[PDB]
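Right, one structure below, let's go through it.
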Amino acid sequence: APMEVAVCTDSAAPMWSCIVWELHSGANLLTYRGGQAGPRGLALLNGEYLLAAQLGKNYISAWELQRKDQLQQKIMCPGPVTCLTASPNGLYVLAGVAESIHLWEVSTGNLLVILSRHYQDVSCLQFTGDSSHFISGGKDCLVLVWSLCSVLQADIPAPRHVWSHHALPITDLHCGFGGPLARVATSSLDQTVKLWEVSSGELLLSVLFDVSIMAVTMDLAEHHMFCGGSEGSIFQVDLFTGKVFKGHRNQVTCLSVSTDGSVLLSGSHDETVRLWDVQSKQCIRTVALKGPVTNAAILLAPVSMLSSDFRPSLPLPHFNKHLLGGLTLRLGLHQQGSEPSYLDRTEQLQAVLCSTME
Amino acid sequence: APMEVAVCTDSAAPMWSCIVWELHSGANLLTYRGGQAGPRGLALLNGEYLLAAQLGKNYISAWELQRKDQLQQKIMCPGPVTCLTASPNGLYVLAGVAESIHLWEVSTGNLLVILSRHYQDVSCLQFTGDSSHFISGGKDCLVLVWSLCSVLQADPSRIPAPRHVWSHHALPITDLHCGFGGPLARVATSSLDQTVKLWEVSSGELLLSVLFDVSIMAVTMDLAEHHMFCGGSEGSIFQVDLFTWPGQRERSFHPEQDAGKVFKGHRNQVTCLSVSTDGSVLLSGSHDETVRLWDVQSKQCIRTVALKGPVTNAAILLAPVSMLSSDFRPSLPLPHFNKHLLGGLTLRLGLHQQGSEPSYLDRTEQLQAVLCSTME
Amino acid sequence: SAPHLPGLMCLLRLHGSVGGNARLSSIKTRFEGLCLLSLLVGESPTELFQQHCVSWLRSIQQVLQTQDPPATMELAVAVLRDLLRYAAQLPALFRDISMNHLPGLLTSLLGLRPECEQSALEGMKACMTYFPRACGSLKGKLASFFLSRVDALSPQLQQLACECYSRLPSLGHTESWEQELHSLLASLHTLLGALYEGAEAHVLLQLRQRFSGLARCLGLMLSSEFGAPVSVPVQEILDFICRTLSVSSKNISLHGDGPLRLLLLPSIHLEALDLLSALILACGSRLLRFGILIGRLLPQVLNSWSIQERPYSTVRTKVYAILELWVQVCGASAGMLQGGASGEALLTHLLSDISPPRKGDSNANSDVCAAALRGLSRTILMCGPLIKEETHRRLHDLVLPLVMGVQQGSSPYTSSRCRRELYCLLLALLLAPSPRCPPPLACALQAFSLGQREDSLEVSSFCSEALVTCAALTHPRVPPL
Amino acid sequence: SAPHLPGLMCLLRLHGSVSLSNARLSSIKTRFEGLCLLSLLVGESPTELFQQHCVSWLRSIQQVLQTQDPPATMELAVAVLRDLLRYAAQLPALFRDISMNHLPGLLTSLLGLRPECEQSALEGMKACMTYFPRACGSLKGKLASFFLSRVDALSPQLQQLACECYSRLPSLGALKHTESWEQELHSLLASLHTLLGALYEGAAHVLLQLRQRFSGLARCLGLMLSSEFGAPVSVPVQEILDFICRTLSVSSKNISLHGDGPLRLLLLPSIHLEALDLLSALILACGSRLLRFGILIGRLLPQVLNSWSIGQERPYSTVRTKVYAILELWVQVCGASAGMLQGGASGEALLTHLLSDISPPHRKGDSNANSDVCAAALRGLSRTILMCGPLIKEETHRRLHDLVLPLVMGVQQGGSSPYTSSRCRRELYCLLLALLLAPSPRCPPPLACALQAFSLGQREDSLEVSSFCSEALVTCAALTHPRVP
Amino acid sequence: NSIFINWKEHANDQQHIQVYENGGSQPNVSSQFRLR
């Protein structure tokens with residue numbers, strides 16, 4: 001059976017700043033020591049490096065996956081960075097400095113573009129499962145859908161969809177799988193959770209709750225939409241057809257569903273990360289941290305997290321601070337696995353033998 | 001652009017017996033001369049032969065498509081032939097005699113099996129759109145789903161049984177419509193009890209039980225299963241919308257809207273329905289001696305072609321190469337269809353690679369390789 | 001400028017320049033003129049061809065009887081193939097060549113040195129293909145030539161002889177077809193009696209070659225073109241195939257010539273399987289009546305040949321290709337893997353070949369693990385909902401933990417073709433599920449998402465083309481009736 | 001029993017069952033039998049036998065390689081030696097012993113072959129350079145001199161082998177590898193620029209040598225970009241793209257018609273093919289990081305297809321097939337962010353070149369006319385519609401519907417057309433399925449006619465089409481029979 | 001073509017959700033292609 005971990009950080013950080021434990025064990029696999037990870041500001045890059053924006057500061061620390069120590073790379077930003085994300089393929093790193101988005105690059109290290117179109121602070125970014133549309137929701141009730149094509153190839157870039165229906169700041173969103181076929185699920189403090197469409201850009205659902213929603217997450221099959229709350233409740237919306245997860249006592253900030261849509265992981269403000277089994281709304285584990293939870297997401301364990309001697313293939317470049325070929329890459333990866341099979345090192349040998357005999 | 005025809009037959013046959021006229025022009029294409037047809041008794045075989053049953057008599061005629069005169073071959077059965085249907089691929093011709101389901105084979109001409117489970121006559125016979133299952137129903141209020149695999153390779157001492165036994169109606173069946181697919185298709189059986197039920201051929205479960213006001217005598221469905229045009233015993237052609245789906249399993253027509261979902265203009269029963277390819281013109285026969293085309297999008301008539309006598313068979317096809325061409329001598333002659341129960345396949349080889357010829361660049365590269373090898 | 005000729009010929013052909021007798025008369029510049037001749041025959045307008053076809057044919061015939069080195073003869077034959085193929089379409093030229101030129105070409109081709117057997121057969125196949133009626137004069141000599149070379153040890157020579165000999169009943173048809181086929185199936189019924197004398201030195205090594213040639217000829221006869229309907233004796237062929245696949249290693253004696261016969265055993269079973277493939281390819285979907293025998297044959301052959309690459313890695317791949325072909329031709333009527341001891345045995349054999357198990361190899365057993373998956377995916381996708389829920393549930397517990405383990409040594413999944421087939425089998429399981437066993441969409445979407453972030457351009461492309469299809473099972477368009 | 005030896009060896013290999021071998025290696029008449037026995041043993045031997053006899057077998061092969069035997073014996077010996085040196089790199093003791101004792105002498109023995117048997121020398125040299133790259137580092141100068149002189153050989157096999165063996169030089173030797181790789185790449189680029197300037201003086205036997213040198217060096221660069229390397233590199237994308245854009249700049253309307261003008265006009269397609277091959281290698285190597293340089297790649301296709309445009313096969317088919325293959329590769333490596341056919345002037349001058357290649361148009365010719373472009377174009381269009389589908393305007397989707405739907409139902413029920421091959425029909429049905437799967441959300445696809453079109457395919461005569469069409473009705477049975485609302 | 005739902009109504013069995021790929025609360029499946 002595949003190994004599943006649950007990355008969980010905090011905001012006080014007495015000793016560590018990241019505790020990756022096992023889902024069905026509770027045992028701590030890896031612990032990283034350093035600063036304090038800010039809200040919505042953790043994203044593993046390329047499966048070897050772990051970036052984490054600091055709480056209220058202007059720099060982003062970078063930890064190796066198999067070293068309990070901060071690296072000397074200290075990516076710097078010209079302002080109070082807010083939230084961070086990394087593209088799923090592991091090629092770009094996106095920041096949230098003030099009311100502007102900073103786009104970086106991993107293979108070289110340059111700073112390609114500084115987007116600025118929201119009217120108040122940027123609150124959350126996310127990539128649409130295949131790094132083709134990064135969608136940022138600010139604190140001015142706007143949710144914009146950028147395109148990774150038209151943003152990179154520019155001379156000023158413009159968003160592809162200015163979704164303006166909320167009457168209060170946006171808090172969280174969850175982009176689905178696929179490219180221009182996914183379904184974004186935004187949520188704000190106006191007590192509403194909306195499910196948009198990326199292909200056309202039209203509203204599809206406007207489920208309205210009774211408390212300020214602060215977190216939304218759908219399972220991979222889009223059969224449920226576990227919207228959080230501000231009173232502790234973790235609601236559940238059935239998109240295919242006793243639906244309230246109860247047991248919290250504060251805002252529910254971080255939510256994430258396991259692979260086979262059967263285990264929830266709630267991260268609240270009361271220093272607690274639970275583990276609900278979503279078929280009967282019962283709690284399983286109640287791991288308690290030492291401060292309000294900042295990031296908590298269920299993650300499939302990569303290969304680097306299982307080998308005790310793993311080292312990154314490439315070093316992290318010196319991330320630039322000012323605006324702008326020379327790609328740095330390891331060759332011979334597009335053919336990894338393509339080898340002449342057993343019945344091809346024999347057919348060639350037999351043809352050689354036959355030709356020699358004749 | 002493709003060409004759509006509308007095969008029509010009359011139960012009186014003063015001069016012609018199967019007139020084929022163009023859909024959007026109304027002009028005749030092919031006519032045929034011979035005995036009267038029979039209800040649910042027409043089936044094109046392999047797009048070359050126009051087999052037809054006979055009203056009352058017990059035998060089946062055979063017209064070559066590009067020939068106005070009857071052939072000298074007559075399939076004979078030990079009892080009054082009721083319905084006929086040729087498999088879509090063209091390998092098997094299957095007919096129903098009284099209560100039996102006599103099954104033939106076009107290639108060799110043998111009579112493989114004689115299945116027999118209905119308790120009374122068989123009045124409808126259809127083949128699933130991939131010729132893997134064939135659904136049979138009769139005047140015993142039973143609709144059975146056979147399987148072409150189990151009823152062919154069964155032991156002579158195994159008496160093959162139907163895969164599914166659908167018994168929910170309380171009156172004789174009248175028509176069926178098996179959609180595209182195979183082990184995933186859907187049937188639309190309709191009976192005389194004023195119901196039209198849509199079954200599933202994969203698991204064998206009911207899905208819909210629309211209950212009308214008058215007895216239903218013909219059901220056809222859009223190829224994508226968007227509409228279910230159910231005929232009536234008074235003239236109306238009711239229309240059900242499967243994509244609106246109010247959300248229940250036993251609906252009723254009057255709560256499902258009226259006067260805006262009913263084709264009207266007929267004065268007697270409608271024992272014929274068929275929807276065109278794109279789904280914008282519907283052809284319907286009747287018993288008031290009229291075959292008229294509708295305008296499903298706007299529920300209006302277009303033309304009112306009038307036959308002589310009651311209309312037995314009427315359908316819309318996609319005109320093959322046979323009807324467009326002028327000679328088209330058939331590839332293989334129709335064999336001697338046996339009437340007694342039983343290697344030797346008769347077929348033309350070299351058809352599994354039709355068109356798999358080397359491309360220009362392939363031949364050029366081979367020639368250049370030969371030249372280079374000769375140079376060395 | 002002799003060596004640069006082929007490049008110039010190719011570049012002149014590419015521009016489409018020509019399509020819009022002097023240098024051939026000397027031994028020094030035969031190639032120099034043959035190149036231009038190849039261009040002219042390849043890319044000529046209809047007027048120039050209709051004018052100079054006879055002259056070019058006479059020149060080509062003249063090259064074949066001048067004791068030139070074999071390369072020149074092969075080039076002349078290559079030119080002659082195109083010449084005859086293009087001249088077979090024009091009616092007047094067709095009649096003229098068929099009347100007063102073809103017998104000379106056949107006589108010159110037959111009378112060649114024993115050092116140039118390949119080119120002679122290559123030209124005679126072209127002569128017999130596009131000009132069938134006019135070669136009936138020399139049918140006896142052609143039969144003798146194609147029959148004396150049908151057991152040559154060189155694989156290319158044997159293949160050419162078998163290809164040329166399979167169309168003998170075509171020159172002159174239905175009566176000549178079955179008459180020949182009842183003699184090949186009679187000779188094969190005799191060699192098997194002198195090769196399997198335990199259940200049914202150098203003489204055996206020739207009998208095996210004769211059997212291979214006479215089986216390849218029948219296989220080519222069954223699955224080629226023809227201009228007249230024929231009556232295929234399916235029962236006799238199936239009886240012969242079942243007899244061939246009946247003797248296993250446990251019946252061959254081990255005292256005397258036994259080791260030699262046992263060493264030759266897999267080749268004859270492979271020949272029988274090739275005959276079965278030809279039969280399935282030719283008859284089509286009319287074999288449902290013998291489907292029971294056909295579906296019983298495969299598990300028995302797999303069982304009699306089952307035991308670092310594993311031994312007997314060619315027979316099992318052939319059987320899996322046979323199963324894939326059988327499911328492909330029939331469709332939903334195949335009746336594979338659904339009920340019966342034979343079906344259960346086939347499922348067990350398929351499930352023990354895709355599961356992954358110092359001098360050695362990385363991708364050990366990487367051909368069997370691909371054919372088994374390529375057969376299983378097709379079988380599940382075509383005849384899906386008719387399989388009992390237990391088989392689908394057994395496959396759900398194997399594929400899902402496996403597609404998430406190959407992306408996190410001596411394993412067959414270190415290849416790329418052995419992973420694309422797995423990702424196709426996952427989609428086949430999703431698309432056609434049993435009515436009472438819902439598929440694991442949530443656990444398969446994650447695997448597909450992980451697939452498109454891979455490195456191989458084959459896996460990372462199929463796992464991205466499969467997400468679009470999977471987005472139709474999650475984002476529907478009409479209500480679920 | 002000499003003629004029967006290959007069959008006996010193959011049959012012994014089939015069963016996996018595994019003095020006489022070395023006894024027959026000391027003569028001329030029985031060399032082939034001993035080589036066959038060695039080929040069986042050295043490939044299907046247990047670990048202990050190999051670890052005990054590797055040195056003896058290598059010494060025997062080295063003895064064989066210097067006896068002036070006919071080239072077939074050298075071919076067989078090198079074929080055995082490739083396996084011998086591939087299997088000797090997985091045993092540390094044997095690896096060290098060979099690399100420290102025998103490889104320097106074996107390299108000289110390989111170098112000492114006669115000019116007639118040069119291909120076997122190149123094959124053995126590739127074998128000793130791919131698996132054993134560190135010991136073969138004291139003779140790099142001789143290796144470079146040997147491989148450089150054969151980079152312009154007219155024989156395609158010899159040229160390809162020399163190019164394959166010449167792009168492995170940077171890996172040879174002992175941070176140093178990256179510097180050597182970069183230096184070799186820059187030197188090759190400079191030489192390519194000089195040769196390109198030599199061949200394009202505008203805008204009779206020296207041109208045919210300059211073209212060979214240019215093709216050889218461009219293929220060496222292409223194999224250098226798309227091979228396996230140990231240390232990370234710093235591939236310069238801008239310089240390579242500038243060179244490609246320069247090569248694809250000179251068209252047939254600028255070459256002078258006087259002097260040697262016809263010669264420079266005849267060699268143009270080969271140079272353009274070399275540039276396109278280099279671009280394809282670049283796209284294959286870099287991957288999806290070329291999105292920033294996306295405009296150049298999206299514009300070079302309707303510009304190359306504009307300088308090579310016209311029962312007769314159309315002129316310039318190879319170039320218009322290569323461009324479509326490059327488009328398919330681009331879309332397949334990029335994904336939904338390929339940005340092809342999505343508006344602009346260069347995105348509508350390409351769709352015209354696509355609709356003019358997939359449409360169908362007593363005399364000579366062939367039935368399958370233009371059957372190469374009509375398959376590559378269909379594959380590229382199907383991939384583009386499948387990936388970048390919900391982003392294309394409604395007009396393109398409607399035009400594609402009106403051009404495809406009445407074409408799949410006329411080819412079935414209805415001489416000398418591109419749609420007479422079992423490939424141009426399967427690709428057309430693939431395009432139909434792609435259009436159904438990813439439609440623009442303002443023009444619903446015709447799900448009622450496509451199902452009928454597929455229903456006419458599963459009962460066709462072929463097997464490829466009759467399998468794909470019957471496999472598309474299982475996918476199409478999910479667009480009309482859903483399981484959730 | 002959007003659906004508005006109160007949570008408390010959806011918590012009980014009053015309201016149900018039906019969202020489709022190309023349209024909200026309506027299939028949007030009728031095509032304008034006609035063979036002619």
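Identifiers in the structure tokens: chain A, B, ... in order shown; residue index from 1 per chain; ligand index from 1 in order shown.
Using only C-alpha atoms, we find that the part of chain D lying within 7 Å of chain B comprises residues 368, 371, 372, 406, 409, 410, 413, 414, 420, 421, 422, 447, 448, 449, 459, 461, 462, 463, 473 and 480 of chain D.
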Which residues in region 188-401 of chain C does DSSP call alpha helix (DSSP H)? List them as a PyMOL selection string.
chain C and resi 188-191+203-222+234-244+258-263+265-283+291-304+315-330+341-351+368-382+389-401
Written selection (C-alpha atoms) as a CSV table (one decimal), in the first residue's frame:
```csv
chain,number,residue,atom,x,y,z
C,188,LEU,CA,1.4,-31.4,-42.7
C,189,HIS,CA,-0.5,-34.3,-41.3
C,190,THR,CA,2.4,-36.6,-42.5
C,191,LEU,CA,5.4,-34.6,-41.3
C,203,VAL,CA,16.9,-35.7,-40.9
C,204,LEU,CA,14.9,-34.1,-38.1
C,205,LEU,CA,16.5,-30.7,-38.7
C,206,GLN,CA,15.3,-30.9,-42.3
C,207,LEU,CA,11.8,-32.2,-41.5
C,208,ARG,CA,11.3,-29.2,-39.1
C,209,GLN,CA,12.3,-26.8,-41.9
C,210,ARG,CA,9.9,-28.6,-44.4
C,211,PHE,CA,7.1,-28.4,-41.8
C,212,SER,CA,7.8,-24.7,-41.2
C,213,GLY,CA,7.7,-23.9,-44.9
C,214,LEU,CA,4.6,-25.9,-45.6
C,215,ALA,CA,2.8,-24.3,-42.6
C,216,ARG,CA,3.9,-20.7,-43.6
C,217,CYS,CA,2.6,-21.4,-47.1
C,218,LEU,CA,-0.9,-22.4,-45.7
C,219,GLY,CA,-0.9,-19.4,-43.4
C,220,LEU,CA,-0.2,-17.0,-46.3
C,221,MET,CA,-2.8,-18.8,-48.4
C,222,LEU,CA,-5.5,-18.3,-45.8
C,234,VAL,CA,-12.4,-24.4,-40.9
C,235,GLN,CA,-13.0,-27.7,-39.1
C,236,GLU,CA,-10.1,-29.4,-40.7
C,237,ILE,CA,-7.7,-26.5,-40.0
C,238,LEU,CA,-8.9,-26.4,-36.4
C,239,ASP,CA,-8.5,-30.1,-36.0
C,240,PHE,CA,-4.9,-29.9,-37.3
C,241,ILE,CA,-4.1,-27.0,-35.0
C,242,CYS,CA,-5.5,-28.9,-32.0
C,243,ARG,CA,-3.5,-32.0,-32.9
C,244,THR,CA,-0.3,-29.9,-33.2
C,258,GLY,CA,14.3,-37.7,-27.6
C,259,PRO,CA,16.3,-34.6,-26.7
C,260,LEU,CA,16.4,-33.6,-30.4
C,261,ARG,CA,12.6,-33.8,-30.7
C,262,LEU,CA,12.1,-32.0,-27.4
C,263,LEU,CA,14.5,-29.2,-28.5
C,265,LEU,CA,9.1,-28.7,-29.7
C,266,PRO,CA,8.5,-24.9,-29.2
C,267,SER,CA,9.0,-24.1,-32.9
C,268,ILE,CA,6.1,-26.4,-34.0
C,269,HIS,CA,3.8,-25.0,-31.3
C,270,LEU,CA,4.6,-21.5,-32.5
C,271,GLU,CA,3.9,-22.5,-36.1
C,272,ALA,CA,0.5,-23.9,-35.0
C,273,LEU,CA,-0.2,-20.6,-33.1
C,274,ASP,CA,0.7,-18.7,-36.3
C,275,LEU,CA,-1.8,-20.8,-38.2
C,276,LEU,CA,-4.4,-20.0,-35.6
C,277,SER,CA,-3.7,-16.3,-35.9
C,278,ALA,CA,-4.1,-16.5,-39.7
C,279,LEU,CA,-7.4,-18.4,-39.3
C,280,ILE,CA,-8.8,-15.8,-36.9
C,281,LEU,CA,-7.6,-12.9,-39.2
C,282,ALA,CA,-9.2,-14.5,-42.3
C,283,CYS,CA,-12.5,-15.9,-41.1
C,291,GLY,CA,-15.3,-20.1,-30.0
C,292,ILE,CA,-15.4,-22.7,-27.3
C,293,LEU,CA,-12.5,-24.6,-28.8
C,294,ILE,CA,-10.6,-21.4,-29.5
C,295,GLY,CA,-11.0,-20.1,-26.0
C,296,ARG,CA,-10.1,-23.5,-24.5
C,297,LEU,CA,-6.9,-23.8,-26.7
C,298,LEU,CA,-5.1,-20.7,-25.2
C,299,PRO,CA,-5.1,-21.8,-21.5
C,300,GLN,CA,-3.9,-25.2,-22.4
C,301,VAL,CA,-1.0,-23.8,-24.5
C,302,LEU,CA,-0.1,-21.4,-21.7
C,303,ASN,CA,-0.2,-24.3,-19.2
C,304,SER,CA,2.0,-26.6,-21.2
C,315,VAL,CA,5.2,-18.7,-26.9
C,316,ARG,CA,3.3,-16.9,-24.2
C,317,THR,CA,3.7,-13.6,-26.0
C,318,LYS,CA,2.2,-15.2,-29.1
C,319,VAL,CA,-0.7,-16.6,-27.1
C,320,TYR,CA,-1.5,-13.2,-25.6
C,321,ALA,CA,-1.3,-11.6,-29.0
C,322,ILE,CA,-3.8,-14.3,-30.2
C,323,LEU,CA,-6.1,-13.4,-27.3
C,324,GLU,CA,-5.9,-9.7,-28.2
C,325,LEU,CA,-6.7,-10.4,-31.9
C,326,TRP,CA,-9.6,-12.7,-30.9
C,327,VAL,CA,-11.1,-10.0,-28.7
C,328,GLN,CA,-10.5,-7.4,-31.4
C,329,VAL,CA,-12.2,-9.2,-34.2
C,330,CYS,CA,-15.2,-10.5,-32.3
C,341,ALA,CA,-12.6,-23.3,-15.9
C,342,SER,CA,-10.9,-22.1,-19.1
C,343,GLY,CA,-11.8,-18.5,-18.3
C,344,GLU,CA,-10.6,-18.8,-14.7
C,345,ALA,CA,-7.3,-20.4,-15.9
C,346,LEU,CA,-6.8,-17.6,-18.4
C,347,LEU,CA,-7.4,-15.0,-15.7
C,348,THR,CA,-4.9,-16.8,-13.3
C,349,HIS,CA,-2.3,-16.9,-16.1
C,350,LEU,CA,-2.8,-13.3,-16.9
C,351,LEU,CA,-2.5,-12.2,-13.2
C,368,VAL,CA,5.4,-10.8,-21.5
C,369,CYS,CA,4.3,-8.1,-19.0
C,370,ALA,CA,3.3,-5.8,-21.9
C,371,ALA,CA,1.4,-8.3,-24.0
C,372,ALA,CA,-0.6,-9.6,-21.0
C,373,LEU,CA,-1.7,-6.0,-20.1
C,374,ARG,CA,-2.5,-5.2,-23.8
C,375,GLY,CA,-4.8,-8.2,-23.9
C,376,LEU,CA,-6.4,-7.7,-20.5
C,377,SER,CA,-7.2,-4.1,-21.1
C,378,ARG,CA,-8.9,-4.9,-24.4
C,379,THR,CA,-10.8,-7.8,-22.9
C,380,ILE,CA,-12.1,-5.6,-20.0
C,381,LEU,CA,-12.9,-2.6,-22.2
C,382,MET,CA,-14.9,-4.6,-24.7
C,389,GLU,CA,-17.9,-8.6,-9.9
C,390,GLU,CA,-15.3,-10.8,-8.3
C,391,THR,CA,-12.9,-10.4,-11.2
C,392,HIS,CA,-13.3,-6.7,-11.3
C,393,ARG,CA,-12.7,-6.5,-7.5
C,394,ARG,CA,-9.6,-8.7,-7.8
C,395,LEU,CA,-8.2,-6.4,-10.5
C,396,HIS,CA,-9.0,-3.3,-8.5
C,397,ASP,CA,-6.9,-4.5,-5.6
C,398,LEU,CA,-3.9,-5.1,-8.0
C,399,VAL,CA,-3.8,-2.3,-10.5
C,400,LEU,CA,-4.4,0.6,-8.1
C,401,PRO,CA,-1.7,-0.3,-5.5
```
Within 10 Å of residue 16 (chain A), counting only C-alpha atoms, which residues qualify if same-chain residues fewer than 5 places away don't, as a VMD selection string?
chain A and resid 9 to 10 31 to 36 68
Please report as a tab-separated table every residue of chain E lying within 8 Å of chain C, along with the nearest atom pair and their distance in Å (one decimal), using only C-alpha atoms.
```
residue	atom	partner	partner_atom	distance
E:18	CA	C:479	CA	7.9
E:20	CA	C:477	CA	5.1
E:21	CA	C:475	CA	4.9
E:22	CA	C:477	CA	6.9
E:27	CA	C:478	CA	5.3
E:28	CA	C:477	CA	7.4
E:29	CA	C:477	CA	7.0
```
Could the residues in this selection be saved with N, CA and C atoms as an mmCIF file, in the first residue's frame?
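The resulting again01.cif:
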```
data_model
loop_
_atom_site.group_PDB
_atom_site.id
_atom_site.type_symbol
_atom_site.label_atom_id
_atom_site.label_comp_id
_atom_site.auth_asym_id
_atom_site.auth_seq_id
_atom_site.Cartn_x
_atom_site.Cartn_y
_atom_site.Cartn_z
ATOM 1 N N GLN E 18 -27.973 19.783 -8.936
ATOM 2 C CA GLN E 18 -27.831 19.233 -10.282
ATOM 3 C C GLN E 18 -27.090 20.254 -11.134
ATOM 4 N N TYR E 20 -24.345 20.704 -14.436
ATOM 5 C CA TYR E 20 -23.875 20.023 -15.631
ATOM 6 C C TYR E 20 -22.654 20.729 -16.209
ATOM 7 N N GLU E 21 -22.005 20.056 -17.164
ATOM 8 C CA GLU E 21 -20.684 20.483 -17.616
ATOM 9 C C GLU E 21 -20.728 21.854 -18.277
ATOM 10 N N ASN E 22 -21.602 22.028 -19.266
ATOM 11 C CA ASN E 22 -21.630 23.249 -20.057
ATOM 12 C C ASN E 22 -22.722 24.218 -19.630
ATOM 13 N N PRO E 27 -29.188 21.108 -19.167
ATOM 14 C CA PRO E 27 -28.184 20.278 -19.855
ATOM 15 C C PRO E 27 -27.393 21.016 -20.921
ATOM 16 N N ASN E 28 -28.040 21.897 -21.687
ATOM 17 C CA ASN E 28 -27.414 22.611 -22.802
ATOM 18 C C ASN E 28 -26.735 21.626 -23.760
ATOM 19 N N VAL E 29 -27.568 20.773 -24.350
ATOM 20 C CA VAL E 29 -27.089 19.688 -25.198
ATOM 21 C C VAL E 29 -27.587 19.782 -26.630
#
```
Do me a favour and pick out the residues of chain A within 8 Å of chain D, using only C-alpha atoms, as a PyMOL selection string.
chain A and resi 132+148-149+152-153+179-181+199-200+240-241+314+325-334+349-350+352-354+356-357
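Here CA of residue 457 (chain C) stands at a distance of 23.9 Å from CA of residue 431 (chain C).
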Pairwise distance, CA of residue 66 (chain B) with CA of residue 107 (chain B), equals 21.1 Å
Could you list the residues in chain C lying within 6 Å of chain B, using only C-alpha atoms, and format the result as an mmCIF file with C-alpha atoms, in the first residue's frame?
```
data_model
loop_
_atom_site.group_PDB
_atom_site.id
_atom_site.type_symbol
_atom_site.label_atom_id
_atom_site.label_comp_id
_atom_site.auth_asym_id
_atom_site.auth_seq_id
_atom_site.Cartn_x
_atom_site.Cartn_y
_atom_site.Cartn_z
ATOM 1 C CA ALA C 71 23.585 -5.288 -56.702
ATOM 2 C CA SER C 224 -4.189 -13.011 -48.669
ATOM 3 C CA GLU C 225 -6.112 -11.486 -51.563
ATOM 4 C CA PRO C 229 -15.155 -16.619 -53.352
ATOM 5 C CA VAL C 230 -13.708 -19.699 -51.655
ATOM 6 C CA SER C 231 -14.993 -22.277 -49.174
ATOM 7 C CA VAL C 232 -12.623 -22.374 -46.191
ATOM 8 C CA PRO C 233 -12.407 -25.797 -44.445
ATOM 9 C CA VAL C 234 -12.399 -24.368 -40.931
ATOM 10 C CA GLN C 235 -13.031 -27.650 -39.113
ATOM 11 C CA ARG C 289 -19.490 -21.493 -33.178
ATOM 12 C CA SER C 333 -19.321 -11.553 -28.324
ATOM 13 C CA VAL C 478 -27.491 15.078 -19.086
#
```
